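Just one chain is shown here, as structure tokens, and it is the form deposited in one PDB entry.
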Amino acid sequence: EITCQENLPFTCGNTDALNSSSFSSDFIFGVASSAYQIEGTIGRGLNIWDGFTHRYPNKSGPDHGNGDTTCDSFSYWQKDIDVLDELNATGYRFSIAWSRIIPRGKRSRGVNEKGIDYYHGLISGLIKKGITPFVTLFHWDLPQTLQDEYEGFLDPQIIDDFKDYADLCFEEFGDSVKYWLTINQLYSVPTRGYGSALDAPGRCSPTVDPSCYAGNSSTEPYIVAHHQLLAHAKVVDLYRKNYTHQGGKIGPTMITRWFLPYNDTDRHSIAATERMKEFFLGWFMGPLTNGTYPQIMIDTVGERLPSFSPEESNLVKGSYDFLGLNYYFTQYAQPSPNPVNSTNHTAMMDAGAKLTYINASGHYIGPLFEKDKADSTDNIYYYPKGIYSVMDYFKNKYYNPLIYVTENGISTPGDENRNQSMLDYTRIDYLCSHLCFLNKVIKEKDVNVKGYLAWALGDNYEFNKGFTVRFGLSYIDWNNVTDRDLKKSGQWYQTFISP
């Protein structure tokens, strides 16, 4: 019988008690990255994260940081491989920058051979060290040209441009890459990119944020989400019809959270909690498992919710071999009004829920996850049991899928000096406590989880935060980015992997 801790102090950093041998022999352990966050702009065209961070520097991070140079994995990809080799990792998730291989967006405009060569060399280097690549086609970095031609995922033109990009990736890299992710965190671009305008491309209703160049936060999230699902599904169909000889697997990436009632004896909070599951997870998992959006979304969102045709429904339903599930934290849910006629209405209001990290009796859900220095009542707290609850829910609700945990990690402040930054015991605690619950759910609930990739390989540009936080298991000096030095967490993870 497995017992796992939910509160500080944690004792799962002892590899005598928790290590890779606790999991099945074939289980993959590694780390993750994304292209905007690590590569730099050298050698690629411009994408909407370049555009957004440059047009709206205060939205890029408090330091106005961006991905222009970052950790320079364009130059230092071998050093990334070296970290993975030091870890004895068996997996690495990275993304392909669309703008590096097709700078002009549309494949018929030509490819960048040198960009293709960059990923060939990375892939070959990984495989030579026994590391399985997990490759994200689209980690938010849409070529700027496509956003300017037709507003990107706002328009159905995205589907064929994404398909042709993906086809090039399968053609060039699929002989070696056997695990593909289509779109990173399906929920995020619709809501943050087109709802709150916290993320690229930065569209919203005028009264939500007067700096947005255009948008409608009530309608566009739904349009974009719908196009994401269709573009994803078209790529999965292309993969499974035209690249079956490659013997690989493909799936989407979800951001997952668990949700608990703010007041577990209040029917209204219980209802809000179940609505959140539907609106947060079901928005995408309903289509992916059934070809339809959840009924509560149909009912609430009404004419703002697009319909799938019968052909589209069939294309989207079942459009995965596995799910990449990202998991960071859990929220309490309580009811909230949905003012659909307000000029500041957002899609996110349609769930009719307010989310907190403290429940009605004043209980904080778990240890600190992210401090918010401008408003401490907005601090985020984590909840290790949430990974158990999410995986159990996916198994039970969503037809026992094959799952890889494609991100899980925690930040430390960029204000810490290097010695403090390397002494990242809070990261060991977060990672181990989640791994304990992941082992527990696999054993107790028989969830088909076959790997775990911690966020992040190394310090990088963090969307929305610049270089003001660090997520890496290895440390990068922003004054001299060449080295990636394993932190205490990376050293712990090395021991966990090879105990």
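Throughout, we count residues from 1 along the sequence that is shown.
Note that the form deposited with a small molecule bound isn't included here; everything after this is about it.
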| item | value |
| --- | --- |
| Contact segment among 138-146, 418-426, 371-379, 387-395, judged by heavy atoms lying within 4.5 Å of the small molecule in the entry with it bound | 138-146 |
| Listed residue (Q334, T412, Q228, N184) with a non-hydrogen atom within 4.5 angstroms of the small molecule in the entry with it bound | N184 |
| Candidate from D350, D161, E407, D80 lying within 4.5 Å of the small molecule in the entry with it bound - any heavy atom | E407 |
| Exercise: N326 in contact with the small molecule in the entry with it bound, heavy atom 4.5 Å | yes |
| Residue contact check: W455 to the small molecule in the entry with it bound, 4.5 Å heavy atom | yes |
| Touches the small molecule in the entry with it bound: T53 (any heavy atom, 4.5 Å) | no |
| Any non-hydrogen atom of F463 within 4.5 angstroms of the small molecule in the entry with it bound | yes |
